[PDB]
12 protein chains.
Amino acid sequence: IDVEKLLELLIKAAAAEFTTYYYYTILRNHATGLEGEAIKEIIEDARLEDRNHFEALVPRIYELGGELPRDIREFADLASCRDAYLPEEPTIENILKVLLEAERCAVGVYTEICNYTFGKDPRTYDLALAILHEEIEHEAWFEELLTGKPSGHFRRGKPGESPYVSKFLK
Amino acid sequence: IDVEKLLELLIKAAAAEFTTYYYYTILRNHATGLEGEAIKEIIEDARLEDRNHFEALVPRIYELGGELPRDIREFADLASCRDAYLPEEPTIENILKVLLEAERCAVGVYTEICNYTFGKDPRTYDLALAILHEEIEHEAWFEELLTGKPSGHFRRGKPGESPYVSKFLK
Amino acid sequence: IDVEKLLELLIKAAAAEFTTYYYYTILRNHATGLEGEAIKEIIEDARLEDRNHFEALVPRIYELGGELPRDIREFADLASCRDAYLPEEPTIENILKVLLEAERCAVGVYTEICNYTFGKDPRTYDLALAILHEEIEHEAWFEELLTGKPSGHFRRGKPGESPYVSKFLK
Amino acid sequence: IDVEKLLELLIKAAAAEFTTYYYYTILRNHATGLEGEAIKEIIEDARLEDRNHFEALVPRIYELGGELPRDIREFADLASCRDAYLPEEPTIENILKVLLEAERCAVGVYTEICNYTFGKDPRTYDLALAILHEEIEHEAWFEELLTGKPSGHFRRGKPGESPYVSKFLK
Amino acid sequence: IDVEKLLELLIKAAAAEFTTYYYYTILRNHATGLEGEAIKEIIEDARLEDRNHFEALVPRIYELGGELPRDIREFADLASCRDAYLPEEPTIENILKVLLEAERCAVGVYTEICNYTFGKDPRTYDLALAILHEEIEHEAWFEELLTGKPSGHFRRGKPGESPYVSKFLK
Amino acid sequence: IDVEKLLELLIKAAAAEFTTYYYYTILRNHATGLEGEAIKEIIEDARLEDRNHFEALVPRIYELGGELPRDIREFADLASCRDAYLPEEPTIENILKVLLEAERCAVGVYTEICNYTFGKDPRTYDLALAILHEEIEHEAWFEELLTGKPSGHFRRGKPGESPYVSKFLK
Amino acid sequence: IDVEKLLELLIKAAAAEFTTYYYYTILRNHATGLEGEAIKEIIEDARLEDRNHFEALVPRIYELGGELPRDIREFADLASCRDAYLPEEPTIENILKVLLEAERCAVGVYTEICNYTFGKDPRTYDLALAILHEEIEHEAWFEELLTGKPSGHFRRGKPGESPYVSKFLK
Amino acid sequence: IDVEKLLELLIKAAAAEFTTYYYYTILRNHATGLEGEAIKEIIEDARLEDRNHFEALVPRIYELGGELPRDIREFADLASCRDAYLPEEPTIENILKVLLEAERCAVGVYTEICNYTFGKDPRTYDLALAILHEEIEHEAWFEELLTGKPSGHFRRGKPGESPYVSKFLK
Amino acid sequence: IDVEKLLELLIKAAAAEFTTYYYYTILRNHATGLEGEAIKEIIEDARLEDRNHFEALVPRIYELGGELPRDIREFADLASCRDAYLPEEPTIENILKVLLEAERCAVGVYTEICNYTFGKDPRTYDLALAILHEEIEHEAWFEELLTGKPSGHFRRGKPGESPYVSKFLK
Amino acid sequence: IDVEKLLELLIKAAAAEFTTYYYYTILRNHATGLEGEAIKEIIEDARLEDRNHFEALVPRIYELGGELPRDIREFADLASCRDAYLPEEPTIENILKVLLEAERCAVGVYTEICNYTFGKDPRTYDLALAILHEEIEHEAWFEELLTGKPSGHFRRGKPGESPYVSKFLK
Amino acid sequence: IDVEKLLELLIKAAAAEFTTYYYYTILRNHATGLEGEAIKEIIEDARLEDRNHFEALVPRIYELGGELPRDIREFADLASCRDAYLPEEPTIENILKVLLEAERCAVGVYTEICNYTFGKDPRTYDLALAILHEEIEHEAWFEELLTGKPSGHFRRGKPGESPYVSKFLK
Amino acid sequence: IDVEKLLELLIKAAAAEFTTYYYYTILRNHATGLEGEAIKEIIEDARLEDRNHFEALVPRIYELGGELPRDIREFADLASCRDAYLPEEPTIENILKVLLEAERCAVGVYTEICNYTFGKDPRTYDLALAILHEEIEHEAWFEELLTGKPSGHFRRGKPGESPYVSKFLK
Ligand SMILES: [Fe+3]
Ligand SMILES: [Fe+3]
Ligand SMILES: [Fe+3]
Ligand SMILES: [Fe+3]
Ligand SMILES: [O]
Ligand SMILES: [O]
Ligand SMILES: [O]
Ligand SMILES: [O]
């Protein structure tokens, strides 16, 4: 592994997690009405776990000799995923579309990291796998709500419980 | 402060909390169907906290030299808010209207007490403020469900948790 | 079983529990002095459990096709027991007399329900039995304090612990 | 009591509980979309309690001299209730119909056991009563969701909490 | 019910529980060797629950107007079961025989009390039923160890957990 | 606000709390006999909370640039309240008189601090308000015991629980 | 140390603990009225700890090569202290006299064991010391209640907490 | 990876776990006598963890686009392992032989899934690895009991604790 | 109060909290060496509490009719405090200077909000007061470390414990 | 033992603990800067345990017929150790010297009590030993910090945990 | 006391505990089969407590001015007991013989330390006494299993619970 | 995989963990003074986790058919890493150098095992990975303290918490 290339992927992934934690706050607040009450805790589950994903990625970046960018504006510009902006018409189905594209991108970025660190950096692989477990579950929540495909997933007992990345958290 | 005038406000406020704890029991039970399952725990959250509000107001009444009325019928007639009766057509939106008017009146009565004890009775102000925190949150739950205005409030983890009046409880 | 006759008994029993929860609040507050400090937590134990008895009776009423009355004034008028009014002279022995009559009536009403649902409605029998366990223990607390007959009962570790009706509570 | 006749009733009841635990797994997973999210935890509550009912029935069968059948295929054929198959059109209301018939049959079988062991086998009566408490509550959940009749029941705090059969569990 | 006849049965039952708590202490200590290590916790489970049975029977005796005998020697003479004396040859199988006869007698005495208070004293019936649940489980433990008949019972998680008589304890 | 004048008030208030924690130790020990057993835990409740009041006041003194006096003898001389000395005849009613004057003085000193920091030092106001909540409750305990005036206050579950100043504690 | 002489002292001490656990049950139940409500939990504290003292003495008897007597009647006859019989007139002060003599004897017997195993059997000394800590505290509870001498002891948080003999318990 | 081939492997594996949860129930009940008491909790540990393995496999089947078979009879026929039938002579060693073959097959099937998803489906690999951790430990328990080969494994603190598949559970 | 002017202050305050949570992550990581190990948990305490301050401010913004800005870049530009950039020479004392200026500004912004909502918006005042409690404590930690002025403050037991804003959190 | 001479030693020891609890509060607050942050929790550990030592000594004084002095000024004058005054130059090494002399004196006074009650008053010996355990550990903390001699001791998990005197605390 | 002679005894005792923690690991793993499953947790109980004994002895060695040997080989050579080597024929009875001799030697060494520090070093005496409590219990476990002498000891609820040396642990 | 070659690696790795647990005990005790107080808990964190690594490696050795060596001297000679001897001049930086070389070697040995069991022994890979997670974190603690390179790692909440190898522990 070229460590610089892996450092870029991990920094971009952390930027994606950090901006997601802000943008899901707006998306949660606009999940109003009787329809939105059902999905509020699902958005809350994903948002707090995505904040935990930023908390697990940063220690690994500094173990590898990398650093967070000096300016937070530069951090936002580095996100591996497009901003989960609130839709021009914030209906429940339009918000769910935005959440689905945000979590499909997250599954893609952590699949990229796992495919790059497989058998070469076992710690980075295990961190990306732990997050990829939770990104896949986030994607299935929003896919079932939006499309109706049985995903077999239940709701978290507590928001931000993070069953897979907990061993990486303090 | 005229203590008699403040005792009247606190007794009428406690009567509002006590009758609400009965009338929300009826309202919870008629939140039936798929739509009502989402609001049942929100009604349960408010009803148990309103019961805690009665439990916190009564000790303050006796510290100030006041007493609860001898007869419970007289207590009911003294409620600062109109009875949250079940609507003639108990649809979910009609029930939500009743809950919204019940919590808007509760915000008004505790704003009246805070505006009256501000800088004169610091304990009575702090109790009324603690309840006013929860009444405002109750109103925002029902306003978001009925109208769809983003309120930013999440559901309680446990019903009757009462994060603001807990220090006044036993 | 005639369900209407059983619904009347259960509604009157719940009205008795609800008004007891209000009247024991007044009785607790007037158990003052050195004598009253000993019985305050005993009144508090009974009052909170009687509130739990109202919380367990209401779900059964709605399972049976019954409903709580629309107006809380009509609910109070339906109580199976006379109001536990504060005595004209609120001495400790006069308050204990009022508590004793309140809990002897409660044992009577739940014995009436058990004798009516024995072998016909096993759920209603089991609910009435669970409350009758606690009403009998409430009566023995006040009988020992007032008369001095050994009852063998200890004080609850926590008020409203409800060791018998807990399985019916949420 | 003819113990063989009671052993047949308990073995058929446990077969119903065991197959229900499998068939509710399929029903939970197809409760998709915005409507389904509301009932997923309700199906999850019933499925884990029905698994606890199998865990409590089996010890009693062996105390009475009975045994589970050697082959699991023979166990499935012995279920006291028709299989809760997924509907040909798995809409939310069609799934709710299947759940309603599954729990109405369970109330019937445990009423048959209680009516048979009343005053003759107190342990078998008490176990059947504890399960009948939970089957009645399961039926009222799905009856309220499908029809809108007020049932007065709240959601379990945790899935499979089993407030009534817990004393029979390990 | 003749209360005097029922008071005799409950006092004799409590005497059986109290002496069992002492005699099982001796039996536990002589369950030595590799064979006895397996049965030590099973004896300990039964002995601590039999102590809980004495703690639950005594309050009921005093509610009914009865009293424990003045002298503990008179209490021992009133035991409804023969003393679980240590065998002349304290082998594991001979000790198991003594434990089996002790628990078969206990099942008989509490079946006698249930058959006497069925539908006449609901509290006394419910207390005897709760103890009968645990005596039946105690008998099945020693029957499976001594004879090998499948009983379906698992060990208690903690000694003296008393899943059935806990609601009667303090 | 003149900070020196507020530092004097806070130092004198902390000296009152520190000496109270010693003098209530003596008062607790002389609450003997049957009458004194009821008030021992009430004295213990107040003494441990008064110790917590000293623990919350000292950090605020050092934030404002003040310091505790070098000598503990000088600290005692600065108490805002007269010493809660043991009465020459330590009867229960004489001890209660001493406790009542100690807590009436404490309400006065913290009402003085609140009246001085109202709208000018929000942190100092909030600390004095939190203690004033507990001083008022302490006064009501002893006023109810000594005079019999209904106060509406129940006993603390644990001594030194300090429901109002807990957020200021470590 | 003559082990036989020490085995006699420990067996007689355990017999005292066992009979005390029965006789304090009677004494607790007759601590009726308003006066007795204050001492009921104090008797309950001592009785459950004296039961723990029997639970800690028996293992030591078997480590030393001793055994409990075969017959429980022989065990009762070996008690180092006279039976704490209920007084002919069971007033609160007469019951307190019986409890005081019971605990003064217990302090004497464990001082005898400590004076005999000092510097020779460190385990037997440490067990007797742990019980002597609790017997001294039991004596001071009843001495303060009966005579009014300040003893400085507070009530246990939970009955039978046994702060000193806990390490010897299972 | 061909998803259809992987879906077949996971469905057959889930069928093995589900039937094992039933067949180990029979095997547990026939582990009687003094020898069987030692292995009862070991069978109980494996059976409850095998139930957890079914609960973890099903969500993955639905994420991958697969579904459980409509009929439970068809699910039983799909088990990747032969049924753990009770032996014709249910001795402890014959039962242990059945348990050993059941867990050796389970190690084989999850090794097959890991060898198929290695570096291609990281989530499916991680789920199969977590179960393979527990199947290997199950096999070592029964191998040590039957043959005596040192395996180094200790008993679970609680049945069904599932240290490796917990993150996949709800 | 002009609500728009108060919404601007609360949005700018929340932007300060959000950017602080990122910038303190960088500052924590460069608190290296032996000197920095002492301050790492102090920076961690402040950073997690500042994240809680953002979580408490956002719900209030939406109750008042305000919203978070659509773009996170716009949110960063609105921070009421200059960015806590890492110093060009990241020595411990240079880092402490940056932390001190960050928390002195935070005390100023929340003192501005309290001075604006004093007696007009009791909920907004109480939220700003709760944060001002923690900002003052954060400032005192860094002032004591950098300058040596006695502050009287101890370390948090757990990072992000937030003793003052906890009631505003979920 | 002359009880008066032992009462003097115990009263002087309690006065030392009480004044230490005040003087360590000042010493804690002046342990500022980067050097002082390391020793703040060590001073906090010792100060809260010394307060626990005062809480364990006082009950023993009243069991022995002694009493605390009427005036707190007289209590301070009786301290067995010189006041732990803040040094004229409050450097970290000068403060550590003051703490070392305070804890060397405490080890001396409790060694004096143990040498006086050895084999004569086992309860007083055990209390003094329990405190002497903690005083020795306090001395080793400050000796290692000041001089660098390996003491082998670790920091308390929680301040005032008091592992040795906890059995004497309520 | 000659501190050098006592330091040698404690270092040799710690060496015995450290090597025991390794040798019991081998002994645990060879306690295979049906017989060995009963004794596995008993060996595990002793081994984890012997590890705790090493953790408690080392701090005392450094308080007294002693140090652990530089090389671990030198530490092994200093063990006060012969190595608990696995028997040439690792049968259960041969393993039990090794465990019995290991714990008889440990009782001897701590009896030697207690007999040497009796009345001269109270902390060293109390530490050795706490370990001697557990060594005596360890010896009784293996003596009862090997010989069948009633020892009266029950199994630890959790391995390494260490009821007697816990106060010396961190 | 050649199992013998992997058994050698795991035995040498466990020998390294066992000796590290002893040598870090000496290193902890010599981390004296003000500088060493900061690193004492860091050494304690690593030492207790390295002890857990020995506890997780040993079961795997016995599953694979390997055994611990008979003699502990032979175990020490097999350590994969040189002994972490105390430096001739035990300064803080010299001790940190010894800790850094100890943990760099540990990262190397577990990287060797992971590189050898990748895709061939999934259980051995997962155990080595779990330890490698903690060895990497241990190395970064000592690298940041000695050199000052930002590592991003925080201190453990509790010593020996072992977030990664916990699932392999009992
Ligand atoms: Fe357990
Ligand atoms: Fe366990
Ligand atoms: Fe346990
Ligand atoms: Fe255990
Ligand atoms: O366990
Ligand atoms: O467990
Ligand atoms: O246990
Ligand atoms: O345990």
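Rules and cut-offs
- Residues numbered from 1 in each chain as written, not as in the entry; some residues may be left out.
- Chains lettered and ligands numbered in written order.
- Heavy atoms only, no water.
- Helix = DSSP H or I, 4+ residues; strand = E, 2+ residues; numbered from the N terminus.
- Buried < 20%, exposed > 50% of the residue type's maximum accessible area, 1.4 Å probe, protein only.
- Contact = heavy atoms within 4.5 Å.
- Areas by Shrake-Rupley, 256 points an atom, 1.4 Å probe, with all protein chains shown as cover.
- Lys, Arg positive; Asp, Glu negative; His and termini not counted.
- Charge placed at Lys NZ, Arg CZ, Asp CG, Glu CD.
- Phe/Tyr/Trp six-rings, centres within 6.5 Å; stacked < 30°, edge-to-face > 60°.
- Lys NZ or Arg CZ within 6 Å of the ring centre and 35° of its normal.
- Buried area = accessible area lost by both parts, 1.4 Å probe.
- Salt bridge = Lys/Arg side-chain N within 4 Å of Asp/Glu carboxyl O.
- Polar contact = N/O pair within 3.5 Å; in protein donor to acceptor, adjacent residues only side chain to side chain.
- Nonpolar A, V, L, I, M, F, W, Y, C, P; charged D, E, K, R; others polar.
- Least-squares fit on C-alpha atoms.
- Patch = residues over 30% accessible without salt bridge, like charges linked within 9 Å, V, L, I, M, F, W, Y side chains within 5 Å.
- Expected span 1.5 Å × (residues − 1).
- Bend = angle between axes of the 7 residues up to and from the residue.
- Disulfide = S-S within 2.5 Å.
- UniProt positions renumbered as here; feature names shortened; annotations may be inferred.
- Axes fitted to C-alpha atoms, helices over the stretch in contact; angles between N-to-C directions.
- Parallel < 35°, antiparallel > 145°, perpendicular 65-115°, else oblique.
- Left-handed = near helix turned anticlockwise from the far one by under 90°.

Peer 1: For this particular structure, what's the right way to read the overall build of chain A?
Peer 2: Of regular secondary structure, chain A possesses five helices and zero strands. Counted from the first residue to the last, chain A has its helices and strands arranged as α-α-α-α-α. Projected onto its principal axes, the C-alpha positions of chain A cover 50 × 35 × 25 Å. Taking all 170 residues of chain A together, the buried fraction comes to 69%. Look at the contacts in chain A between residues 6 or more apart in sequence, and 76% of them connect residues 24 or more apart. For chain A, the exposed surface amounts to about 5,700 Å²; the carbon and sulfur share of it is 48%. Where the 20 positive side-chain charges of chain A centre and where its 33 negative ones centre are 3 Å apart.

Peer 1: Would you mind showing me how to read the packing of aromatic side chains here?
Peer 2: For any pair of aromatic rings, geometry is given as the distance between the ring centres together with the angle between the planes. This structure, assessed with the given rule, holds 156 aromatic pairs over all chains. The cationic tip of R70 of chain D hangs over the ring face of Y85 of chain H; the distance from NZ or CZ to the ring centre is 4.1 Å.

Peer 1: How should I be thinking about the interface of chain E and chain C in this particular structure?
Peer 2: How big an interface is tends to be expressed through the accessible area that disappears when the partners come together. Each partner contributes residues to the interface: chain E has 11 residues there, and chain C has 14 residues. Taken together, the two surfaces of chain E and chain C that pack against each other cover about 1,200 Å², and 62% of this comes from carbon and sulfur. Counting across the interface, chain E meets chain C through one salt bridge. For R123 of chain E, the salt bridge goes to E137 of chain C, with nearest N and O atoms at 3.1 Å. Summed over the shared surface of chain E and chain C, the number is six residue pairs in polar contact. Of all elements in the fold, only α2 (33-63) and α5 (122-147) of chain E reach the threshold of two or more residues within the side of chain E that touches chain C. Split into classes, the residues belonging to the side of chain E that touches chain C amount to five nonpolar, one polar and five charged.

Peer 1: Could you clarify how one ought to interpret the interface of chain A and chain I in this entry?
Peer 2: Listed as interface residues are 27 residues of chain A and, on the opposing side, 27 residues of chain I. Carbon and sulfur atoms make up 57% of the area that chain A and chain I hide from each other, which totals about 2,500 Å². Contact with chain I buries area across many residues of chain A, yet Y22, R70 and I72 of chain A alone supply 25% of it, more than any other trio. In this assembly, chain A and chain I are joined by four salt bridges. Across the contact surface, chain A and chain I share 14 residue pairs in polar contact. Residue assignment for the side of chain A that touches chain I shows that the elements contributing at least two residues are α1 (3-29), α2 (33-63) and α3 (72-77) of chain A. Of the residues forming the side of chain A that touches chain I, the biggest block, eight residues, is contributed by α1 of chain A. Classifying every residue of the side of chain A that touches chain I by side-chain character gives 15 nonpolar, four polar and eight charged.

Peer 1: Please clarify how the side chain of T124 of chain J should be interpreted in this entry.
Peer 2: Residue and element names in this part refer to chain J. Locating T124 in the fold gives a position in helix α5 (residues 122-147). We classify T124 as buried; its relative accessible area is 0%. Among residues more than four places away in sequence, those in contact with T124 are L6, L10, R60, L64, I113 and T117.

Peer 1: Sorry if this is basic, but what is going on with the arrangement of the chains here?
Peer 2: Chain E shows no contact with chain I. Their nearest C-alpha atoms sit 32 Å apart. At the C-alpha level, the nearest point of chain B lies 32 Å from chain K, with no contact between them.

Peer 1: I keep staring at the relation of the copies chain A and chain I and nothing clicks. Help me out?
Peer 2: In this arrangement, two copies of a chain are superimposed by a rotation about an axis accompanied by a shift along the axis. When chain A is fitted to chain I, the best match, at an RMSD of 0.0 Å, comes from turning it 180° and sliding it 0.0 Å along the axis. A rotation of that kind, with that shift, is consistent with a two-fold axis. Relative to the rotation axis, the closest C-alpha in chain A is found at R73 of chain A, a distance of 3.1 Å.

Peer 1: What should I look at first to understand a negative patch on the surface in this one?
Peer 2: A contiguous patch of negative charge on the surface is contributed by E35, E88, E89 and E93 of chain E. Among the secondary structure elements, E89 of chain E is positioned in the loop between α3 (72-77) and α4 (92-116).

Peer 1: For this particular structure, what's the right way to read the pattern of salt bridges?
Peer 2: Pairs can form between side chains of opposite charge once their charged atoms are near each other. Enumeration according to the criterion identifies 193 salt bridges over all chains in this entry. Salt-bridge contacts for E143 of chain C lead to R104 of chain C; the nearest nitrogen and oxygen are separated by 2.6 Å. Placement of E143 of chain C in helix α5 (residues 122-147) and of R104 of chain C in helix α4 (residues 92-117) is noted, with a sequence separation of 39 residues between them. With relative accessibility at 11%, the residue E143 of chain C sits in the buried group. For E63 of chain E, the salt bridge is made with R123 of chain E, and the minimal N-O distance between the two is 3.2 Å. Here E63 of chain E, found in helix α2, pairs with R123 of chain E, found in helix α5; they are 60 residues apart in sequence, far enough to count as distant. What makes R123 of chain E buried here is its relative accessible area of 4%.

Peer 1: Just checking my understanding: could you explain the environment of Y110 of chain E for this structure?
Peer 2: All names here are of chain E. Along the chain, the position of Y110 falls in helix α4. A C-alpha to C-alpha distance of 5.7 Å links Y110 and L132, two positions 22 residues apart in sequence. A polar atom in the side chain of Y110 sits 2.7 Å from the side chain of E17.

Peer 1: When you look at unusual backbone geometry in this model, what are you seeing that I'm missing?
Peer 2: In most cases, non-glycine residues show a negative phi, while peptide bonds are predominantly trans. The phi dihedral of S162 of chain G is positive, around 50°, even though this residue is not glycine. Mapping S162 of chain G onto the fold places it in the segment after α5 (122-147).

Peer 1: Which parts of the structure should I look at to understand helix α1 (residues 3-29) of chain B?
Peer 2: In an α-helix, one full turn covers 3.6 residues, which means residues spaced three or four apart are oriented alike. Residues and elements named next belong to chain B. In this model α1 runs 39 Å from its N-terminal to its C-terminal C-alpha over 27 residues, within 8% of the 39 Å that 1.5 Å per residue would give. Taking the largest bend as the criterion, α1 deviates by roughly 25°, centred on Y21. Of all 27 residues in α1, 22 are buried; the element is thus mostly enclosed. Its side-chain oxygen at 3.3 Å from the backbone nitrogen of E4, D2 defines the N-terminal cap of α1.

Peer 1: Just to check I follow, could you spell out the state of the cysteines for this structure?
Peer 2: Covalently bonding the sulfur atom of one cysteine to the sulfur atom of another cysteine gives a disulfide. In total, this model carries zero disulfides over all chains according to the counting rule given. Looking at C114 of chain B, it has no disulfide partner, and the nearest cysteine sulfur is the one in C81 of chain B, 14 Å off. For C114 of chain B, a relative accessible area of 2% puts it in the buried group. Left unpaired, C81 of chain H is separated from the closest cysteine sulfur, that of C105 of chain H, by 5.1 Å. A relative accessible area of 11% places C81 of chain H in the buried class.

Peer 1: Explain the relation of the copies chain E and chain C to me, please; I cannot follow it from the model alone.
Peer 2: Turning chain E through 120° and shifting it by 0.0 Å along the axis lays it on chain C, with an RMSD of 0.1 Å. Considering both components of the superposition, the chain copies are consistent with a three-fold axis. In terms of proximity to the rotation axis, the leading residue of chain E is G119 of chain E, whose C-alpha is 5.2 Å off the axis. Take the interface residues of chain E: only 9% of them recur as interface residues in chain C, which is what a contact between different surfaces looks like.

Peer 1: Honestly, the UniProt feature "binding site: Fe cation" in chain A in this entry has me stumped. Any pointers?
Peer 2: Residues and elements named next belong to chain A. The residues that UniProt annotates with the feature "binding site: Fe cation" are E17, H53, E103, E135 and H138. Across 122 residues, the annotated set stays spatially compact, with a maximum C-alpha separation of 12.9 Å. On the secondary structure map, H53 appears in helix α2. With residues up to four places along the chain from it excluded, the contact list for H53 reads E17, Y110, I131, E134, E135, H138 and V165. Looking at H53, its side chain comes within polar contact range of the side chain of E17, at 3.4 Å. When you line up the elements, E135 lands in helix α5 (residues 122-147).

Peer 1: What's the story with the packing of helix α1 (residues 3-29) of chain L against helix α2 (residues 33-63) of chain L in this structure? I'm lost.
Peer 2: The description of two helices packed together rests on the angle between their axes and the distance between the axes. Residues and elements named next belong to chain L. Packing of α1 against α2 brings their axes to within 8 Å, and their N-to-C directions diverge by 155°. Accordingly, the angle class assigned to the pair α1 and α2 is roughly antiparallel. Taken as a pair, α1 and α2 cross one another with a handedness that is left-handed. For the contact of α1 with α2, the class distribution of residues is 15 nonpolar, four polar and eight charged.

Peer 1: What's the story with the side chain of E17 of chain B in this structure? I'm lost.
Peer 2: Residues and elements named next belong to chain B. Structurally, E17 is set in helix α1. Of the side chains with opposite charge, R51 lies nearest to the buried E17, which makes no salt bridge, at 9.9 Å. Apart from the residues lying within four places of it in its own chain, the contact partners of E17 are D50, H53, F54, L57, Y110, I131 and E135.

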